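To start, the structure itself, in structure tokens.
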Amino acid sequence: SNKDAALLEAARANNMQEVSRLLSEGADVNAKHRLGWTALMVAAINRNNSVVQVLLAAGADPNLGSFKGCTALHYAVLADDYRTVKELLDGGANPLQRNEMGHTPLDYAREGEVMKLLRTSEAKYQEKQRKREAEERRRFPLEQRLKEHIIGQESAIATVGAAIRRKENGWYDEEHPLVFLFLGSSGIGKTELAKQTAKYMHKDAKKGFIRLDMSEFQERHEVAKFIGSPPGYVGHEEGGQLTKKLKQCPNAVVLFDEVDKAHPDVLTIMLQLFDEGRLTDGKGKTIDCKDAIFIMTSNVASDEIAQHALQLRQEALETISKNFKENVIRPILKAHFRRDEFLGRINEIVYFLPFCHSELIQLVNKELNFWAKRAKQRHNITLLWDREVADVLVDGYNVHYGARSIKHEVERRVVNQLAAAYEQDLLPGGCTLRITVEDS
Amino acid sequence: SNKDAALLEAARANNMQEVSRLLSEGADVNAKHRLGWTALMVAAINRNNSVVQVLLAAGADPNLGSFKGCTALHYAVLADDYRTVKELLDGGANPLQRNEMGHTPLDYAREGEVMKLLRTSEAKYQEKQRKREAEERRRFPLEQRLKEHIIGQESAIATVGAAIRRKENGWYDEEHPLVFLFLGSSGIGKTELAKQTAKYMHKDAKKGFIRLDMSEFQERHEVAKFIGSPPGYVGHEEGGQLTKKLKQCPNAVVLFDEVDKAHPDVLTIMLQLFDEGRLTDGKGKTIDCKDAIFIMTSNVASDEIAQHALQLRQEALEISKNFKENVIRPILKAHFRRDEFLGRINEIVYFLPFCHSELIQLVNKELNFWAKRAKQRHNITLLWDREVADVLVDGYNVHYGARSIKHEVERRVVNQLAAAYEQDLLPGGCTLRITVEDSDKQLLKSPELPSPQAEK
Ligand SMILES: Nc1ncnc2c1ncn2[C@@H]1O[C@H](COP(=O)(O)OP(=O)(O)OP(O)(O)=S)[C@@H](O)[C@H]1O
Ligand SMILES: Nc1ncnc2c1ncn2[C@@H]1O[C@H](COP(=O)(O)OP(=O)(O)OP(O)(O)=S)[C@@H](O)[C@H]1O
Ligand SMILES: [Mg+2]
Ligand SMILES: [Mg+2]
């Protein structure tokens, strides 16, 4: 504890020797004084450029929070010393950091070298971040990330990626959220695509992905879950759940899984959300989510979508459907979703088509790779197969389930055999299996 | 503290040098002395005309609140100095401002130049306000302001403008608030017109415009949100949300958006609100909002209104009638159950589906918006041939209205723009012109811009 006080006193007195001795002895570089200032901070206010430099080289943090709450950069600007401001900025100081009073390094000092340094640091940071992010996106676009997991559905991936890129590059109106409606048969990756998109946007934030299941909303009064009860009713003080989640992460990705299962008057609450990204809870607080992304998944027109997809498979063949027939898909949606204004607010309608033979083979290969890696990681068993296995597994495909049919087929026909053999201790650790078309 | 006291003493002592030095240092000009007066106050009371002038030049407020609570104009009047009163009035002092005891500068003053200055200031304020407001309204009418943002809907613009202008010029009954109901198909500017009207009435004040998404009132019990819970119930200490909002701005513009999505027993709360502008919160406090403007929006009769736009198809040479409004009524009563609710609305405004020229105008407006955004953000100049709008309008969907055009333009132009921008094929200051095929191509001032490949 004495080391921190000694370092603070040395920094206040501009004692280079004492500051260096304390730092080399393990003294807290960001030591805090009882008055609320640190060694780097009091060095900054006292125009101790050398002390500030040595403290920064020792690991001083200039962004740590009357001048109460003013950081090291704030005090450097207060002294109107440009050398200290430049050194702190080179050390990672934020030129726009704020104190308890809200003052910033860009306000304390008069126009001059300090302002120039702060502005240049801010501009260079912003430009570097912009260029780096753009280059990263170019190098590894969203489409490749989705293709890592999603198989087929090229049109849907292209549409979603185009919309997302248009949003990220700033070429989007901020007055209206972006809304998607995923349509297609069951078990073809709609909610999977939504999950992948949410992960891409908010990879390191669970709060960034808000999931709803509209099976849990199959009656009119279920709207009270979204915004909570009005004043004087049970649960009022709680407030809306969806409103809470949106307030936590305004730019999150909201997924209304199986929206078709909602009562139609539950969708009415979505009008303001989809138009202006505005929603009011039971307490009257209004949530602004203009930059959020809304995804709705349903299979309302599944049969018609499959029939259309046959168009590609109806070709004389001597892949991409124009799908102007959406004019006759609209009546189905209107019949289910009874309000035209609801559909009008949807930016894009994404159609997922049934898998082709090659896509089915790819799915089977994906499943067998997953199982092989699981076996290697768990029991250290190598697992291998040929075309005959993929084709035999595909032959058991069911249209009504898609990827789920493939999963069940692989599990039943192959995984059961691996489990039975393992339980019989016929699989020594490190051994290799070929599935030599093990059938019938 | 020390600087404020020094400035106050200098103002009291008529010390020009001290007052100037303290003002230059940064002493608060409106600092309050322990006796209740400020620097300007005591400069006025001591007949320090020059000190009053210099304090006003420094930013002194003459209208700031036995001379307890007296304002600088009050002190100048009490000093019997006409110069101080004149200078304070020139600084915006109110001749009718009241002190703690309720005496105005026109009261304490002795007959003379003080009366002249105060009365001249008051009359000038009133007449200048009236004349300037009238001149601005005539020069730039609300109807011309709306036309900048709303395409078509001439009959709605004309009705709303006529009612608004009627209210502003005082030719309205103050007992009953003005109520509008907006009817028509989806995405044809109802809420847009409401927003523009609110912005016009209250230039920027957020409290001047009140939103209410009636879609959140699908059950009777939700009406409690208007007025709050009764005594003894959770949330009672908070009053009615709408009551609070209206109290903060009695003459606000209230928008009950999607009123047809409310439970019809919830609309019952609006009977007194629309008839007399009275609403009593859960705590028994009544809100007076007789001068507010209420706007409702719905698409209740929208098939029947859009079907009556077959009058555009009648081509007699080769707009809604009273008798149509008596076919649109049965539909209104079937939805909004009560004749006493409908009989409270001042005007029913009908918004019609766009004709082909209005679609072209909408497409041009959207393209102009995007061009302005591009030019401002990246200095990119954007141009389009006349045929671009013709191609784009084909994406129009009568069921969705303008937002269909919005989405079409976005999807099939802005996507290419963003793809090119990310590809860095749009150098700053470059000129980009859209050309017309069955699809849309972009030329970078002459050569065709090569479409990037996201899939690589
Ligand atoms: N196109 C796909 N490519 C790879 N895996 C997929 C694909 N689609 C689905 N899956 C996987 O198969 C499962 C199906 O999940 P979903 O994606 O959620 O199905 P769903 O289409 O979304 O439709 P429902 O809710 O049954 S209607 C998931 O386990 C996915 O991981
Ligand atoms: N003349 C116009 N008519 C309709 N929309 C316009 C017009 N000019 C601009 N717009 C824009 O097109 C969109 C139309 O949406 P809204 O203003 O909400 O119309 P609406 O009458 O309220 O349709 P509903 O009942 O909510 S489905 C708005 O975002 C407007 O800004
Ligand atoms: Mg699903
Ligand atoms: Mg609307």
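Identifiers in the structure tokens: chain A, B, ... in order shown; residue index from 1 per chain; ligand index from 1 in order shown.
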task = Excluding residue 60 (chain B) and any residue of its chain fewer than 2 positions from it, enumerate the residues within 8 Å of it, using only C-alpha atoms, and give them as a ChimeraX atom specification.
result = /B:29-30,40,55-58,62
key: Near-ligand residues for ligand 1, threshold 10 Å, only C-alpha atoms and all ligand atoms, as number ranges by chain   = A: 146-154, 182-196, 213, 257-259, 297-300, 302, 352-355, 359-360, 362-364, 366-367, 400-407
Written file, previous selection with N, CA and C atoms, as a compact mmCIF listing (two decimals), in the first residue's frame:
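Wrote again02.txt, looks like this:
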# COMPACT_ATOMS: atom_id res chain seq x y z
N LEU A 146 -22.23 -18.35 -43.63
CA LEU A 146 -23.47 -19.12 -43.68
C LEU A 146 -23.26 -20.45 -44.38
N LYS A 147 -22.52 -20.44 -45.50
CA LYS A 147 -22.30 -21.67 -46.24
C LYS A 147 -21.54 -22.69 -45.41
N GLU A 148 -20.76 -22.24 -44.43
CA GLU A 148 -20.10 -23.19 -43.54
C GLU A 148 -21.11 -24.14 -42.90
N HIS A 149 -22.30 -23.63 -42.57
CA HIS A 149 -23.33 -24.42 -41.92
C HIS A 149 -24.55 -24.67 -42.79
N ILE A 150 -25.02 -23.66 -43.51
CA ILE A 150 -26.20 -23.81 -44.36
C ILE A 150 -25.79 -24.45 -45.67
N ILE A 151 -26.59 -25.40 -46.13
CA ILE A 151 -26.36 -26.12 -47.38
C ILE A 151 -27.51 -25.80 -48.32
N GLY A 152 -27.18 -25.47 -49.56
CA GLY A 152 -28.22 -25.06 -50.47
C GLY A 152 -28.80 -23.73 -50.06
N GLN A 153 -30.05 -23.49 -50.45
CA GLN A 153 -30.74 -22.24 -50.14
C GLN A 153 -29.92 -21.05 -50.64
N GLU A 154 -29.37 -21.17 -51.85
CA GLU A 154 -28.49 -20.13 -52.36
C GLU A 154 -29.22 -18.80 -52.49
N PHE A 182 -39.19 -15.70 -43.54
CA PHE A 182 -38.66 -16.92 -44.11
C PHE A 182 -39.80 -17.90 -44.34
N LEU A 183 -39.93 -18.39 -45.57
CA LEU A 183 -40.97 -19.34 -45.93
C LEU A 183 -40.34 -20.58 -46.53
N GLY A 184 -40.97 -21.72 -46.28
CA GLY A 184 -40.49 -22.98 -46.83
C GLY A 184 -40.98 -24.15 -46.01
N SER A 185 -40.71 -25.34 -46.54
CA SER A 185 -41.10 -26.55 -45.85
C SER A 185 -40.35 -26.67 -44.53
N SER A 186 -40.74 -27.66 -43.73
CA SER A 186 -40.12 -27.85 -42.43
C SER A 186 -38.74 -28.47 -42.57
N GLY A 187 -37.89 -28.19 -41.59
CA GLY A 187 -36.58 -28.82 -41.53
C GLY A 187 -35.68 -28.52 -42.71
N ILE A 188 -35.63 -27.26 -43.16
CA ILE A 188 -34.76 -26.86 -44.26
C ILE A 188 -33.91 -25.65 -43.90
N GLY A 189 -33.75 -25.35 -42.62
CA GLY A 189 -32.75 -24.40 -42.17
C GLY A 189 -33.20 -22.97 -41.98
N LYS A 190 -34.51 -22.70 -41.97
CA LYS A 190 -34.96 -21.32 -41.76
C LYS A 190 -34.46 -20.78 -40.43
N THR A 191 -34.90 -21.37 -39.32
CA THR A 191 -34.44 -20.90 -38.02
C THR A 191 -32.94 -21.09 -37.88
N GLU A 192 -32.38 -22.08 -38.57
CA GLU A 192 -30.93 -22.25 -38.56
C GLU A 192 -30.25 -21.05 -39.20
N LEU A 193 -30.77 -20.59 -40.34
CA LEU A 193 -30.23 -19.40 -40.98
C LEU A 193 -30.36 -18.19 -40.06
N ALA A 194 -31.50 -18.07 -39.39
CA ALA A 194 -31.69 -16.96 -38.46
C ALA A 194 -30.65 -17.01 -37.34
N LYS A 195 -30.41 -18.20 -36.79
CA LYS A 195 -29.42 -18.34 -35.73
C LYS A 195 -28.03 -17.95 -36.23
N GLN A 196 -27.67 -18.41 -37.43
CA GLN A 196 -26.36 -18.08 -37.97
C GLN A 196 -26.22 -16.58 -38.18
N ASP A 213 -41.04 -17.86 -29.62
CA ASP A 213 -41.66 -19.03 -30.22
C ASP A 213 -43.16 -18.81 -30.21
N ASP A 257 -40.07 -17.33 -34.16
CA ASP A 257 -40.11 -18.67 -34.72
C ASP A 257 -41.55 -19.13 -34.90
N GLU A 258 -41.84 -19.69 -36.08
CA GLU A 258 -43.16 -20.25 -36.38
C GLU A 258 -44.25 -19.22 -36.11
N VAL A 259 -44.14 -18.06 -36.76
CA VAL A 259 -45.07 -16.97 -36.50
C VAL A 259 -46.49 -17.37 -36.85
N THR A 297 -40.23 -16.80 -39.24
CA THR A 297 -40.13 -18.10 -39.89
C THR A 297 -41.49 -18.78 -39.86
N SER A 298 -41.91 -19.32 -41.00
CA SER A 298 -43.17 -20.05 -41.08
C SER A 298 -43.13 -20.92 -42.31
N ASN A 299 -44.06 -21.87 -42.36
CA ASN A 299 -44.22 -22.77 -43.50
C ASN A 299 -45.63 -22.68 -44.07
N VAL A 300 -46.17 -21.46 -44.14
CA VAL A 300 -47.57 -21.28 -44.52
C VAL A 300 -47.81 -21.80 -45.93
N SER A 302 -45.84 -23.83 -47.71
CA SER A 302 -44.83 -24.85 -47.94
C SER A 302 -45.14 -25.67 -49.19
N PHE A 352 -37.27 -20.62 -49.05
CA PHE A 352 -36.37 -21.75 -48.92
C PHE A 352 -36.93 -22.91 -49.73
N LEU A 353 -36.14 -23.44 -50.64
CA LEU A 353 -36.63 -24.49 -51.51
C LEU A 353 -36.18 -25.86 -51.01
N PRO A 354 -36.86 -26.93 -51.41
CA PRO A 354 -36.45 -28.26 -50.97
C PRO A 354 -35.08 -28.63 -51.52
N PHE A 355 -34.37 -29.46 -50.76
CA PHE A 355 -33.02 -29.85 -51.14
C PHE A 355 -33.04 -30.68 -52.42
N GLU A 359 -27.50 -31.61 -52.60
CA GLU A 359 -27.61 -31.03 -51.26
C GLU A 359 -27.85 -32.11 -50.22
N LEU A 360 -28.67 -33.10 -50.56
CA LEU A 360 -28.89 -34.21 -49.63
C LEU A 360 -27.59 -34.96 -49.36
N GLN A 362 -24.61 -33.73 -49.55
CA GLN A 362 -23.79 -32.86 -48.71
C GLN A 362 -24.23 -32.92 -47.26
N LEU A 363 -25.55 -32.96 -47.02
CA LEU A 363 -26.05 -33.06 -45.66
C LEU A 363 -25.61 -34.37 -45.02
N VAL A 364 -25.70 -35.46 -45.77
CA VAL A 364 -25.28 -36.76 -45.23
C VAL A 364 -23.80 -36.72 -44.88
N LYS A 366 -22.05 -34.09 -44.10
CA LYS A 366 -21.91 -33.25 -42.92
C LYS A 366 -22.21 -34.04 -41.65
N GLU A 367 -23.30 -34.81 -41.67
CA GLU A 367 -23.66 -35.60 -40.50
C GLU A 367 -22.58 -36.63 -40.19
N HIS A 400 -40.85 -34.61 -45.96
CA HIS A 400 -41.59 -33.84 -44.97
C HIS A 400 -40.69 -33.28 -43.87
N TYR A 401 -39.49 -33.83 -43.69
CA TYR A 401 -38.61 -33.40 -42.62
C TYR A 401 -37.30 -32.81 -43.11
N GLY A 402 -36.83 -33.19 -44.29
CA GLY A 402 -35.62 -32.59 -44.82
C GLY A 402 -34.38 -32.96 -44.03
N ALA A 403 -33.71 -31.94 -43.51
CA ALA A 403 -32.49 -32.17 -42.75
C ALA A 403 -32.75 -33.05 -41.54
N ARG A 404 -33.92 -32.90 -40.92
CA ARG A 404 -34.26 -33.76 -39.80
C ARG A 404 -34.45 -35.20 -40.24
N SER A 405 -35.06 -35.43 -41.41
CA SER A 405 -35.13 -36.78 -41.95
C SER A 405 -33.74 -37.36 -42.12
N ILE A 406 -32.82 -36.57 -42.67
CA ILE A 406 -31.47 -37.06 -42.90
C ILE A 406 -30.79 -37.39 -41.58
N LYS A 407 -30.95 -36.51 -40.59
CA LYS A 407 -30.36 -36.75 -39.27
C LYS A 407 -30.88 -38.05 -38.69
request  = Skip residue 404 (chain B) itself and residues of its chain fewer than 5 positions away, then list as a list in words all residues within 8 Å of it, counting only C-alpha atoms.
outcome  =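 Those residues are residues 344 of chain A; 395, 396 and 397 of chain B.
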inquiry  = Neighbouring residues of ligand 4 are defined here as those with any atom at most 7 Å from a ligand atom, counting only C-alpha atoms and all ligand atoms; list them as a count of residues only.
reply    = 6
message = Taking only C-alpha atoms into account, find every residue of chain B that has an atom no more than 7 Å from chain A, and write it out as a ChimeraX atom specification.
response = /B:186,215-216,222,224-225,228-229,233-236,241,399-400,403-404,407,414-415,418,422,454-455
Residue contacts of residue 417 (chain B) (10 Å, only C-alpha atoms) excluding same-chain residues fewer than 6 positions away, as a list in words =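 In the requested form, the answer reads residues 166, 169 and 171 of chain A; 374, 410, 423, 425, 426, 432, 442 and 451 of chain B.
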ask   = Among region 84-294 of chain A, which ones does DSSP place in strand (DSSP E or B), written as a PyMOL selection string?
value = chain A and resi 178-183+209-213+253-257+278-280+286-288+293-294
task = Could you jot down the CA of residue 290 (chain A) to CA of residue 240 (chain B) separation for me, Å, one decimal place?
result =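 Interatomic distance, CA of residue 290 (chain A) to CA of residue 240 (chain B): 26.7 Å.
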message = DSSP on the backbone: which residues in region 53-134 of chain B end up as helix (DSSP H, G or I)? Give the answer as an MDAnalysis selection string.
response = chainID B and resid 53:57 72:78 82:90 105:108 113:134
query = Hey, what's within 9 Å of region 273-285 of chain B if we count only C-alpha atoms and toss same-chain stuff fewer than 6 positions away? As a PyMOL selection string, please?
reply = chain B and resi 175-179+224+226-231+236-244+291-292+294+341+344-345
Could you write out the selected residues, including N, CA, C and O atoms, as an mmCIF file, in the first residue's frame?
data_model
loop_
_atom_site.group_PDB
_atom_site.id
_atom_site.type_symbol
_atom_site.label_atom_id
_atom_site.label_comp_id
_atom_site.auth_asym_id
_atom_site.auth_seq_id
_atom_site.Cartn_x
_atom_site.Cartn_y
_atom_site.Cartn_z
ATOM 1 N N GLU B 175 -64.280 25.519 -26.698
ATOM 2 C CA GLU B 175 -64.849 24.542 -25.780
ATOM 3 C C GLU B 175 -64.576 23.110 -26.216
ATOM 4 O O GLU B 175 -64.404 22.234 -25.363
ATOM 5 N N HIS B 176 -64.528 22.853 -27.520
ATOM 6 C CA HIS B 176 -64.444 21.504 -28.042
ATOM 7 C C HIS B 176 -63.152 21.320 -28.827
ATOM 8 O O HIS B 176 -62.898 22.080 -29.771
ATOM 9 N N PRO B 177 -62.322 20.337 -28.488
ATOM 10 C CA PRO B 177 -61.092 20.126 -29.251
ATOM 11 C C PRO B 177 -61.389 19.649 -30.662
ATOM 12 O O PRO B 177 -62.469 19.139 -30.967
ATOM 13 N N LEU B 178 -60.403 19.830 -31.529
ATOM 14 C CA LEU B 178 -60.510 19.465 -32.934
ATOM 15 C C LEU B 178 -60.053 18.024 -33.115
ATOM 16 O O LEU B 178 -58.977 17.647 -32.642
ATOM 17 N N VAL B 179 -60.871 17.225 -33.794
ATOM 18 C CA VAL B 179 -60.636 15.795 -33.944
ATOM 19 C C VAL B 179 -60.686 15.441 -35.423
ATOM 20 O O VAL B 179 -61.563 15.919 -36.149
ATOM 21 N N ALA B 224 -56.613 1.190 -18.507
ATOM 22 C CA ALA B 224 -55.996 1.756 -17.314
ATOM 23 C C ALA B 224 -54.720 2.512 -17.651
ATOM 24 O O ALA B 224 -54.323 3.418 -16.910
ATOM 25 N N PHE B 226 -54.347 4.674 -19.870
ATOM 26 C CA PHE B 226 -54.704 6.069 -20.097
ATOM 27 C C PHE B 226 -54.677 6.860 -18.796
ATOM 28 O O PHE B 226 -54.068 7.933 -18.717
ATOM 29 N N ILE B 227 -55.328 6.337 -17.760
ATOM 30 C CA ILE B 227 -55.621 7.109 -16.556
ATOM 31 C C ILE B 227 -54.934 6.569 -15.313
ATOM 32 O O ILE B 227 -54.987 7.232 -14.265
ATOM 33 N N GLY B 228 -54.300 5.403 -15.380
ATOM 34 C CA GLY B 228 -53.636 4.836 -14.228
ATOM 35 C C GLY B 228 -54.590 4.064 -13.336
ATOM 36 O O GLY B 228 -55.811 4.099 -13.486
ATOM 37 N N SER B 229 -54.009 3.350 -12.379
ATOM 38 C CA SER B 229 -54.782 2.478 -11.515
ATOM 39 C C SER B 229 -55.501 3.278 -10.433
ATOM 40 O O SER B 229 -55.081 4.381 -10.080
ATOM 41 N N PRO B 230 -56.587 2.739 -9.883
ATOM 42 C CA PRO B 230 -57.312 3.449 -8.826
ATOM 43 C C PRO B 230 -56.499 3.491 -7.546
ATOM 44 O O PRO B 230 -55.429 2.874 -7.460
ATOM 45 N N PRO B 231 -56.969 4.210 -6.529
ATOM 46 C CA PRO B 231 -56.249 4.225 -5.252
ATOM 47 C C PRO B 231 -56.174 2.834 -4.641
ATOM 48 O O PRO B 231 -57.103 2.033 -4.754
ATOM 49 N N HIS B 236 -50.561 2.947 -8.640
ATOM 50 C CA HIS B 236 -51.462 4.079 -8.463
ATOM 51 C C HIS B 236 -50.701 5.386 -8.299
ATOM 52 O O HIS B 236 -51.137 6.423 -8.808
ATOM 53 N N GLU B 237 -49.573 5.361 -7.588
ATOM 54 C CA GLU B 237 -48.836 6.595 -7.338
ATOM 55 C C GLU B 237 -48.480 7.297 -8.643
ATOM 56 O O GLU B 237 -48.385 8.529 -8.686
ATOM 57 N N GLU B 238 -48.276 6.536 -9.716
ATOM 58 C CA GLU B 238 -48.118 7.127 -11.036
ATOM 59 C C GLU B 238 -49.489 7.418 -11.626
ATOM 60 O O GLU B 238 -50.371 6.554 -11.624
ATOM 61 N N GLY B 239 -49.668 8.630 -12.133
ATOM 62 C CA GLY B 239 -50.911 8.995 -12.770
ATOM 63 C C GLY B 239 -51.024 8.386 -14.154
ATOM 64 O O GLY B 239 -50.160 7.649 -14.629
ATOM 65 N N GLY B 240 -52.135 8.699 -14.810
ATOM 66 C CA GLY B 240 -52.344 8.250 -16.169
ATOM 67 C C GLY B 240 -51.237 8.717 -17.088
ATOM 68 O O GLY B 240 -50.860 9.891 -17.067
ATOM 69 N N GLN B 241 -50.703 7.805 -17.899
ATOM 70 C CA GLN B 241 -49.629 8.173 -18.814
ATOM 71 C C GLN B 241 -50.083 9.267 -19.771
ATOM 72 O O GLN B 241 -49.412 10.297 -19.927
ATOM 73 N N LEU B 242 -51.233 9.066 -20.414
ATOM 74 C CA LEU B 242 -51.750 10.086 -21.318
ATOM 75 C C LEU B 242 -52.055 11.372 -20.569
ATOM 76 O O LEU B 242 -51.837 12.469 -21.096
ATOM 77 N N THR B 243 -52.575 11.264 -19.347
ATOM 78 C CA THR B 243 -52.852 12.462 -18.564
ATOM 79 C C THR B 243 -51.573 13.246 -18.307
ATOM 80 O O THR B 243 -51.540 14.471 -18.460
ATOM 81 N N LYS B 244 -50.501 12.551 -17.925
ATOM 82 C CA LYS B 244 -49.226 13.226 -17.709
ATOM 83 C C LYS B 244 -48.748 13.900 -18.986
ATOM 84 O O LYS B 244 -48.357 15.074 -18.979
ATOM 85 N N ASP B 291 -57.727 22.698 -26.321
ATOM 86 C CA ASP B 291 -57.093 23.255 -27.509
ATOM 87 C C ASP B 291 -56.215 22.246 -28.234
ATOM 88 O O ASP B 291 -55.582 22.598 -29.234
ATOM 89 N N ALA B 292 -56.162 21.005 -27.764
ATOM 90 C CA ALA B 292 -55.365 19.993 -28.433
ATOM 91 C C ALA B 292 -56.025 19.576 -29.743
ATOM 92 O O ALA B 292 -57.192 19.876 -30.008
ATOM 93 N N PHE B 294 -56.633 16.099 -32.047
ATOM 94 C CA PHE B 294 -56.627 14.645 -32.018
ATOM 95 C C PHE B 294 -56.728 14.113 -33.438
ATOM 96 O O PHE B 294 -57.599 14.538 -34.203
ATOM 97 N N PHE B 341 -69.573 8.155 -30.376
ATOM 98 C CA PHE B 341 -68.144 8.243 -30.692
ATOM 99 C C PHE B 341 -67.903 8.912 -32.043
ATOM 100 O O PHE B 341 -67.175 9.892 -32.130
ATOM 101 N N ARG B 344 -68.578 12.696 -32.601
ATOM 102 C CA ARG B 344 -67.663 13.580 -31.888
ATOM 103 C C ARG B 344 -66.535 14.052 -32.800
ATOM 104 O O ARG B 344 -65.907 15.080 -32.544
ATOM 105 N N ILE B 345 -66.285 13.296 -33.863
ATOM 106 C CA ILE B 345 -65.234 13.633 -34.815
ATOM 107 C C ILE B 345 -65.644 14.813 -35.691
ATOM 108 O O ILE B 345 -66.738 14.831 -36.253
#
Residue 122 (chain B) surroundings by only C-alpha atoms, 10 Å radius, close-in-sequence under 3 positions cut, as a ChimeraX atom specification = /B:89,93-96,117-119,125-128
Write the residues of the selection above to a file with N, CA and C atoms, as a PDB file, in the first residue's frame.
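Result file follows (again06.pdb):
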ATOM      1  N   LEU B  89     -35.881  46.716 -21.039  1.00  0.00           N
ATOM      2  CA  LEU B  89     -36.867  46.322 -22.041  1.00  0.00           C
ATOM      3  C   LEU B  89     -36.199  45.998 -23.370  1.00  0.00           C
ATOM      4  N   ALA B  93     -36.907  42.470 -21.413  1.00  0.00           N
ATOM      5  CA  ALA B  93     -37.667  42.512 -20.172  1.00  0.00           C
ATOM      6  C   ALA B  93     -39.160  42.592 -20.466  1.00  0.00           C
ATOM      7  N   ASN B  94     -39.949  41.883 -19.662  1.00  0.00           N
ATOM      8  CA  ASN B  94     -41.395  41.866 -19.832  1.00  0.00           C
ATOM      9  C   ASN B  94     -42.019  42.979 -19.000  1.00  0.00           C
ATOM     10  N   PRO B  95     -42.708  43.950 -19.608  1.00  0.00           N
ATOM     11  CA  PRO B  95     -43.302  45.032 -18.804  1.00  0.00           C
ATOM     12  C   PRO B  95     -44.366  44.559 -17.833  1.00  0.00           C
ATOM     13  N   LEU B  96     -44.944  43.377 -18.043  1.00  0.00           N
ATOM     14  CA  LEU B  96     -45.990  42.850 -17.179  1.00  0.00           C
ATOM     15  C   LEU B  96     -45.483  41.772 -16.227  1.00  0.00           C
ATOM     16  N   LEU B 117     -42.272  53.469 -22.036  1.00  0.00           N
ATOM     17  CA  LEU B 117     -41.401  52.365 -22.422  1.00  0.00           C
ATOM     18  C   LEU B 117     -42.099  51.024 -22.234  1.00  0.00           C
ATOM     19  N   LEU B 118     -42.745  50.827 -21.082  1.00  0.00           N
ATOM     20  CA  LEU B 118     -43.374  49.539 -20.805  1.00  0.00           C
ATOM     21  C   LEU B 118     -44.510  49.259 -21.783  1.00  0.00           C
ATOM     22  N   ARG B 119     -45.394  50.242 -21.982  1.00  0.00           N
ATOM     23  CA  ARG B 119     -46.523  50.044 -22.882  1.00  0.00           C
ATOM     24  C   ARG B 119     -46.051  49.841 -24.313  1.00  0.00           C
ATOM     25  N   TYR B 125     -44.401  43.886 -28.772  1.00  0.00           N
ATOM     26  CA  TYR B 125     -44.371  42.429 -28.712  1.00  0.00           C
ATOM     27  C   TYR B 125     -45.633  41.841 -29.327  1.00  0.00           C
ATOM     28  N   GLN B 126     -46.798  42.300 -28.866  1.00  0.00           N
ATOM     29  CA  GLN B 126     -48.054  41.713 -29.328  1.00  0.00           C
ATOM     30  C   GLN B 126     -48.220  41.880 -30.834  1.00  0.00           C
ATOM     31  N   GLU B 127     -48.087  43.115 -31.322  1.00  0.00           N
ATOM     32  CA  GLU B 127     -48.356  43.385 -32.729  1.00  0.00           C
ATOM     33  C   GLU B 127     -47.322  42.725 -33.629  1.00  0.00           C
ATOM     34  N   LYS B 128     -46.044  42.762 -33.243  1.00  0.00           N
ATOM     35  CA  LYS B 128     -45.018  42.096 -34.029  1.00  0.00           C
ATOM     36  C   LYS B 128     -45.288  40.603 -34.107  1.00  0.00           C
TER      37      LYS B 128
END
Close residues, residue 418 (chain A) itself excluded, 12 Å, only C-alpha atoms, min 4 positions apart in chain, as a ChimeraX atom specification = /A:371-372,374-375,379,381-383,410-414,422-427,432-435,438
request  = Could you check how far CA of residue 371 (chain B) sits from CA of residue 409 (chain B), in Å to one decimal?
outcome  =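 Rounded to one decimal, the two atoms are 12.1 Å apart.
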task = Choose the residue, out of B:427, B:264, B:26, B:232, that has the smallest atom-to-atom separation from residue 217 (chain B); count only C-alpha atoms.
result =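 Going through B:427, B:264, B:26, B:232 one by one, the smallest distance to residue 217 (chain B) is for B:264.
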